[PDB]
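> Mind looking over this structure? Questions follow.
There are 4 protein chains.
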Amino acid sequence: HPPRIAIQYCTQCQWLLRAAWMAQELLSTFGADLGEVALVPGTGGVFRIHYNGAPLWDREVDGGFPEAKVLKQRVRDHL
Amino acid sequence: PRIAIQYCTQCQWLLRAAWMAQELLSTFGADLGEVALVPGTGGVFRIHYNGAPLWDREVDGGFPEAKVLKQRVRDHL
Amino acid sequence: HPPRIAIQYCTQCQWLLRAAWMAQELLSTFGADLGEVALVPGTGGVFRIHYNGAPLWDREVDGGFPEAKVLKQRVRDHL
Amino acid sequence: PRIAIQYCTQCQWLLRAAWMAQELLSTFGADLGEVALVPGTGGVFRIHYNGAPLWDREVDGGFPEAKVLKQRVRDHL
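Chains as they are written, first to last, in the authors' numbering: chain A, 7 to 85; chain B, 9 to 85; chain A', 7 to 85; chain B', 9 to 85. A prime marks a further copy of an entry chain.
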């Protein structure tokens, strides 16, 4: 089963742009190796990325937002 | 409510797929559960609303205008 | 001199997303054959695309917005 | 006010360049004259504000955070 990557972002914070950018960085790099990348509207200060439910990134844990380079490496780890 | 956009990967339709995804999320925001970008094969470009068909290059022909896409989604909320 | 493509869009209409999408479609297709693609904030109902100042597209003339396929062909005409 | 973002074409940095462009235009809107996406060569990623340097991978190191980019632009308005 190809992996489902989910990017949950705070809607009111206007983090849609950065979420959509990262989604494209992953899909342009991994292409069909990924089942999909979902952009999921979320609440206050939220910004999390999961790989089949497994934690990949969370602003609350890693702090701030992921650099494209790091995000790609972390997904590579799981893929 | 899950919106899914399946696009032909080799056709480099990711760009237009992610554009549409943002047009929907920026417009409907949290009224949408999510918008999934789903890599696909040759000439594919489909959009589903909870599994229901909203757009298909083969049926509707071509690609949707942001205005049309928004209206169809709005019609299903 | 590489060509300057300018995309002027109505700011309050929220047409930035479509302008930025088209800019990427052109730069991903023509790459360095283009000097640049500028996103230019504009006023009410405006959406125009120029190629070195020359008209390429204008909502007021062509009506509506350009399909990626058409925009690419029109730029190809000039390039 | 002209903001220019020059990026390495072959590095496929167009995506991050266009992302930043939108972050600036969606934030500052008409206060900006324009944001130009300028194809470049090997490892280049520079951002100028009317010719003045705002960012350079070689100087600042890496790529800017949306928050940092917005602050520097804000500082020059």
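Cβ atoms here follow ideal geometry from the backbone N, Cα and C, with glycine treated the same way.
1. Look at the alpha carbon of residue 70 of chain A and the alpha carbon of residue 34 of chain B', and state the distance between them as a whole number of angstroms.
2. Does the contact criterion of 3 or more C-beta pairs under 8 Å hold for the stretch 24-38 of chain B' versus the stretch 39-53 of chain A'?
3. Can a CB atom of chain B' be found closer than 7 Å to the CB of residue 30 of chain A?
4. Report the start-end ranges of each beta strand (DSSP E) in the stretch 25-68 of chain B' that is 3 residues or longer and not cut off at the edges.
5. Apart from the five residues on each side of it in sequence, which residues of its chain come closer than 7 Å, Cβ to Cβ, to residue 17 of chain A'?
6. Going along the chain, which residues of its own chain have a beta-carbon closer than 6 Å to the beta-carbon of residue 55 of chain A, five neighbours each way excluded?
7. Classify residue 82 of chain A' as buried or exposed, calling it buried when 16 or more other Cβ atoms lie within 10 Å of its own Cβ.
8. Who are the neighbours of residue 46 of chain A on chain B, taking C-beta pairs under 8 Å?
9. Please classify residue 85 of chain B': is it buried, with 16 or more other beta-carbons within 10 angstroms of its beta-carbon, or exposed?
10. When Cβ atoms are compared, which residues of the stretch 52-82 of chain A fall closer than 9 Å to chain B'?
11. DSSP three-state label for residue 14 of chain A, please.
12. Check residue 20 of chain B' in the structure and name its three-state DSSP category.
13. Could you say which of A':10, A':19, A':8 and A':7 lies nearest to residue 51 of chain A' if we only look at CA atoms?
14. Tell me, to the nearest whole angstrom, how far the beta carbon of residue 27 of chain A is from that of residue 53 of chain A; I am working on the premise that it is less than 8 Å.
15. Can you list the residues of chain B that residue 37 of chain A reaches, using a CB-CB cut of under 8 Å?
Here's the rundown:
1. Reading the first sequence from its first residue, position 64 is the one you call residue 70 of chain A. Reading the fourth sequence from its first residue, position 26 is the one you call residue 34 of chain B'. Per the coordinates, the alpha-carbon of residue 70 of chain A lies some 20 Å from the alpha-carbon of residue 34 of chain B'.
2. With the cut-off at 8 Å, the stretch 24-38 of chain B' and the stretch 39-53 of chain A' touch.
3. Numbered from 1 along the first sequence, position 24 holds the residue referred to as residue 30 of chain A. Answer yes: the Cβ-Cβ gap between residue 30 of chain A and chain B' drops below 7 Å somewhere.
4. Counting only runs of 3+ residues, the beta strand (DSSP E) found wholly inside the stretch 25-68 of chain B' occupies 42-48, 53-57 and 60-64, in chain order.
5. In the third sequence, counting from the first residue as 1, residue 17 of chain A' sits at position 11. So the qualifying residues of the chain are 47 and 48.
6. Residue 55 of chain A sits at position 49 when you count from the first residue of the first sequence. Excluding sequence neighbours, residue 55 of chain A sits near 13, 62 and 63.
7. For the purposes of this step, residue 82 of chain A' is identified with residue 76 of the third sequence, where counting begins at 1. Counting the other Cβ atoms within 10 Å of the Cβ of residue 82 of chain A' gives fewer than 16, which makes it exposed.
8. Within the first sequence, the letter at position 40 stands for residue 46 of chain A. Among the residues of chain B, those whose CB is under 8 Å from the CB of residue 46 of chain A are 41 and 42, following chain order.
9. Your numbering for residue 85 of chain B' matches position 77 in the fourth sequence. Exposed is the call here.
10. Only those residues of the stretch 52-82 of chain A whose C-beta falls short of 9 Å from the nearest C-beta of chain B' are listed: 70, 71, 73, 74 and 75.
11. Mapped onto the first sequence, residue 14 of chain A falls at position 8. The answer is strand: DSSP assigns residue 14 of chain A an E or B state.
12. Mapped onto the fourth sequence, residue 20 of chain B' falls at position 12. DSSP, reduced to helix, strand and coil, places residue 20 of chain B' outside both helices and strands of the structure shown, so it counts as coil.
13. Within the third sequence, the letter at position 45 stands for residue 51 of chain A'. Nearest option by C-alpha distance: A':19.
14. Looking up residue 27 of chain A in the first sequence gives position 21. Looking up residue 53 of chain A in the first sequence gives position 47. The beta-carbon separation of residue 27 of chain A and residue 53 of chain A, rounded to 13 Å, does not stay under the 8 Å limit for a contact.
15. Taking the first residue of the first sequence as position 1, residue 37 of chain A is located at position 31. Under the 8 Å cutoff, chain B gives 17 and 47.
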